[PDB]
Structure formats: C-alpha cells, structure tokens
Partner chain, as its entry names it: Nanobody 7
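Have a look below at one chain only, the form solved without its partner chain, in structure tokens format.
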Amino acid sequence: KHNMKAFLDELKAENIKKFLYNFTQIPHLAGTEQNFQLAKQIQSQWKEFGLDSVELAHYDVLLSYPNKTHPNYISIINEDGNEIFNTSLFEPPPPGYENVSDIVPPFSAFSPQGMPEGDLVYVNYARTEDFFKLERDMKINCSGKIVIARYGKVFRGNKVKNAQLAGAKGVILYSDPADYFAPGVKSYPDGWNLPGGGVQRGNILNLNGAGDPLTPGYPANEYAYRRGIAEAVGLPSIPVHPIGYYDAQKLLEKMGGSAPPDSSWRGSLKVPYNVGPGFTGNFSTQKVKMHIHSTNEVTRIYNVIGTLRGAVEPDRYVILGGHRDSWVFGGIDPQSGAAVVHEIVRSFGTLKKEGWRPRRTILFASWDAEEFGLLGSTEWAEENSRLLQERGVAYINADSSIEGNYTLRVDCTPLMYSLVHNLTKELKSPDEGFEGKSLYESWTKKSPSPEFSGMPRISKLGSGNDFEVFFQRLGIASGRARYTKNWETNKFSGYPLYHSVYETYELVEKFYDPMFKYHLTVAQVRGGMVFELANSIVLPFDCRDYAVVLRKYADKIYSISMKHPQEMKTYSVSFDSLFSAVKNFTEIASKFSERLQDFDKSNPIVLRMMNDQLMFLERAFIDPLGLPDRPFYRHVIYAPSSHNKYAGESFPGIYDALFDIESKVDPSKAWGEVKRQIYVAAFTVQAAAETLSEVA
C-alpha cells in the first residue's frame, strides 16, 4: 500500500551518496554558468522522477565578486610604504582539485572597494558586548582604526555592522583555532579540521529580510525598477576581508596597547591577544593596509520549482526547499542537503508513478543565491506572496543534512513540536550504541530538553537560511532538521571547514558519514515531515504547544524588565495585558483542541474550516506594520536577533525596547516604547487566540 512507510522505505543511502558526488565535482557559485547548468540538470531529473511540472524561475539581483585581475589582499606596510607582509591570494587547493578552474578566492561578498591604512584594534568576536567592553570599560576608541575580529558566536554581518557603528574604517575577519580546530583531530585532507591556509567565505550584508538589495518588497523581474546603489538595502560602508590563522598570526603577533581584559578574549594562537590600538614599540610606525577591489554586479539567478499536485486539496501547499549555490564545491553546504532533497523527490515520484498522489500539493525548490543573502527564496516569495499567504501550509528547509555526526538538531515553530516527537519515535536511530532504538530515544538522551525530563531540545528559528521569508515575513509554519556535532554552545560558529575550498565530497565520505546513514536518517525526518504535512487529514499542528511556549517567553521578557523595578514603578510598566492574552490563548487553544478531536469527522467543511484555523494560526502572529525599522520582520513572537541574525529572539519588539535601556538619555521615552511593545504583543497574542475561537 501507499503510506508513509512505503515512502520512507524507498529512500536509499546509496542514492544520496551518488547524488552528493554528482553535485560536488565543480564549483556552483551563484550567477555562474556552472550553477545554471546544474539548475537545468535538476529540472530535467525532477521531470524524469515524475513531478507534474518543473520550471525555472529567474531574477536579476545584485551579487558581488572579486576582480580576477586585481586581487584582494592585506599588508603590513612600513613607514616607507613598503609592503613587508602580504596575506594569501588563494587557499591551497585540496588534493586532486589543484587544476579545477574558477575557484573563487576568499572574499567578503558586498564589501565596498577601498585601500584603507591604519592601526589595528582587536575586538574579540566583534559582538555588541565586545564593543561595550572596549568603549565603556577599557576606554578604547575604534574611530578611524582597522578592527580585527575572530569569526564565531554571531553572524559576520552583525560584526561588520557593530564595527561600522564603532567608527572603524575597515574589518579583518579570521578563523581562530580556538573556534575552528578541534583538539586531537587532524587538518584536511587527513581529518576534518581547518588548516592554517583555510579561509571562511561569506556575505556581510545586513538585509533584515529584504532580499535583493535593489528591489525590497517586489521581485527582481524583467521590468523591475531598481534603487540606485546609494539607496540599496544592507550594504556595508567599510571594506572587509577574511583570512586564515597563519595570516592572522602575522597580523596579531606585533599587537601592543592594552592587554586582553580577560581569558574569554584569548584564542589558541601563540600571541598575547593585546587589544591595541597599533603595534608594540619597535613596530609602532608600521601600519596595516587593506586592498579591496571586488565589484557588485546585477546578475541572473535561477530557482528550480517542482510541483506535485494534490489529489484533494491542490490549493494547499507544503514546500520543501533548500539552496543549490555554493561558495566552492559545497560538499556539506549545501549539497549534503540538496542530495537529500533529490532523493526525497525521487521517492515521492516513485509513489506517483504507481498512481498515488498526496492529499495536498507539494512544492519542491532548489533555491539560488542563498549565500548572497537568501536572494532566490526571497525574490520568489515576493513574486508569489499572495499565493503563499492564502495557501501555504508549511515550509521545511533543506540546507546541509549533516554538520556533525553526534545527534539531531531541530529548529521549528511550536506548531510542529508534536509532529517531530511522533515522527522521530517511529524512526530508527542510526547512532552507535542505539541499535534497535528509536531516533527519539537517542536524540533525547544526547540533547535533553532544558525544561522537560524525557523530551529532546528543539530550538527557535532564527535566520541565516531560506526559511526566513516564509516564516518571519509571511507567517507560514516552518521547520528544519539536520545532524549536528556535540556542545551546542558553539552552534553558531559552524563546523571547521565551513565555506572553505576544503568542503568536498571526500570530506563527507571519509570523515562525516561513510555509510550515508546520517544522511538517510535526515532524509527520513525531512521527508517524513513533508509526507505528514501533505497527507494527514487534519493538519498535524498542535496549538497547545504554542500556548506553553508563549507563557515561557512572557516569563522571560517580564524577568528582563524586572531588573529595573524602580523604572517599572515610575512609568507604570505593566505586563498584565500580555499575561492575560497568554492565559486566554491557553484556554481557547484547549477548547479548540477538544473540538478538533470531537467535531463531526464526516464533514469536510468543518474539517477544512478547522484546517484553515490551523494553517492561519502562524499567520495570525504577523503584524502588517513590521517590527521597528525592520519592515520585513513581521512575526511578533519571533525575529532574528538584532545582535546575531542566526539566533531567534522571542517577543523581539519588547526585547529590543528593553536592551541596554539604562543607557538611554530619555528614560520616559524609552519606557514609553517598552509599554507600546507590550501592547502590540498582548494585542497580537489575543488576536491569534481569537482565530481559534468558534467562527460564528
């Protein structure tokens, strides 16, 4: 028969392996011919796999590339203006790829051009709190300095924004062995650690959900009217360049000025980690000079969109999407995800050729230009926003299936918590020592919930991937699942070879997943979720799980405010409305759940009415006015952190109103805005609750 088990049993580790090899032999950088050729290949294969239609959706977006005949690099210059040390022009290519053409050298995409020259200040991870420590506690002024920051902890675009706001005239980003070299493991090609010549590529935009910097709000189609570059969204104002730890050692070893303030500022290199500014006595007349010549260029990109039409509710869409573009070979990011999507489409297509169709329509997407700011997913969603907001049931992301081989890592809306628990209880653990046990059992053992015994950790959605437009702009229930490494403290830093030329097929096959069993398990989780969302008669969302988390978030935000009890008295700052709304949501959700299990199961209108109530529940948390100064982050419960795009923040409007409030010059105005955000949150929670009330 044609059920979830038939779907899941058709998925094969060996196919995922074959696909990963196929997708990682040459670079697939967004906007390049090689990436268009792969788009055409996946379009052809998805048609052959059995999808009803498979189309390319193209857009012309702003991208950024180094100048091939004018390379980017950093120097130390002496007082004569001789360049006495230069950083590398490329990463040493991996064995057997030293003749591959078109490997883009390391660069920070969207850096402006410039040749700034100055003294270095070391800023640790360039986090908001690192800059607070420098300016407020240490009294070090970054104005007109070049800052050097280690990668890790937060999205690199936030580091750049923080350095600009501190008055830096350039930023150097580097990978410290403390963050990218696990003790006791060898460097690539002999292990999975970053070598000293390896460098992490990546964009440094602050788009806040806008998509293409030139066309915020509207798709970058053939007649689009573009902003001028001076009005573009999210571009950095100062030059930025990334380097490896061999080169960083050379820039850091001569650093003078103040000692590091404590040990959380010292990495693993044999240098003092002095903060500066500038070099010690003998070298105090030497300076650092950047040479950045990259150009921004409007360039065509291509999404592949595959449709499997639903048999009963073809106007309800379940979307499985992940990106195809890579920095170089994309052995983990993104092709370990794309190979999994490819096998899922193949399995669904096998069932379709046997006469089966899902209840609801399934859309499959291979997005382009994710690495340049989620551009392909965002432009397509802008083009199709009316269809998505009235018809979109759920979005399941599918970037890298593995970033480690320890346990599962899931981030999703609370509406999917019960679905994920139930599905993982029905899947076999691939883990050593859990033979014969469920994935739920191994995952719960290795990643326990901080709040509940016998349950696994599930995190908030932040951003930094292609679910952002669907979840934070449009309010479509979204989720993601992948295998990860131990110690989720380091989760925002990436794995050691992230965005380097060393992320290859061989890396995955030799060091991560030789039997492709972790890939297979992740295919069963993502595919199983899509199967349930597209086939369950009642949508598999539990509104009571939202009620639980809303109380947790309300307790958390109240606790932050209560660090300022005198101000809460003076300005009559009350959270009563917010707790009332959460209480009401809890009561209404409980009654709705009772009707959902009781309602006349023979009545397809009451069913679809109740399915519409479940589908539009995530949508109810959207505020059409957006969050302050971030018009494309419209979800009132969740937004990417203003300090770290990768992290989700709960009740973000109230959180940002409270952040560093003790430093605001006009406290009455500042606390007025806290009160306004409490009203907006309490109203939105109550409005969302009321969508679950009886409809008339």
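Numbering follows the first chain given and starts at 1.
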For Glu370, do at least a third of the other compared PDB entries give no atomic coordinates?
-> no
Are coordinates for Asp598 absent from at least a third of the other PDB entries that model its neighbours?
-> no
Averaging only over Cα atoms, indicate whether 280-288 or 305-313 has the higher B-factor in the PDB entry.
-> 280-288
For the higher mean C-alpha B factor in the entry, choose 98-106 or 237-245.
-> 98-106
Among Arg386, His499, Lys563, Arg300, highest Cα B-factor in the entry goes to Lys563
According to the deposited entry, which of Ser175, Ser294, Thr350, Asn162 has the largest Cα B-factor?
-> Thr350
Entry-reported Cα temperature factor of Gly494, expressed as the chain third it lands in | highest
Place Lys40 in the lowest, middle or highest third of its chain's C-alpha B-factors, as listed in the PDB entry.
-> middle
Taking the chain's C-alpha temperature factors as the reference, tell me which third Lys12 falls into: lowest, middle or highest.
-> highest
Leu692 - Cα temperature factor, lowest/middle/highest third of chain = lowest
For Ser642, return the chain-relative third of its C-alpha B-factor as stated in the PDB record: lowest, middle or highest.
-> lowest
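Below: the form solved in complex with its partner chain, not depicted.
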What stretch, of 552-560, 128-136, 490-498, 407-415, brings heavy atoms to within 4.5 Å of its partner chain in the deposited bound form?
-> 552-560
Flag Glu297 as yes or no: does it have a non-hydrogen atom within 4.5 angstroms of any non-hydrogen atom of its partner chain in the deposited bound form?
-> no
Would you check, heavy atoms only and a 4.5 Å threshold, whether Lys510 touches its partner chain in the deposited bound form?
-> no
Does at least one non-hydrogen atom of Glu48 fall within 4.5 angstroms of its partner chain in the deposited bound form?
-> no
Taking the shortest heavy atom distance, is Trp356 within 4.5 Å of its partner chain in the deposited bound form?
-> no
Would you kindly say which of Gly433, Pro565, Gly454, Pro514 lies with a heavy atom within 4.5 Å of its partner chain in the deposited bound form?
-> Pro565
Could you spot which one of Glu33, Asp666, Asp629, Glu662 gets a heavy atom to within 4.5 Å of its partner chain in the deposited bound form?
-> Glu662
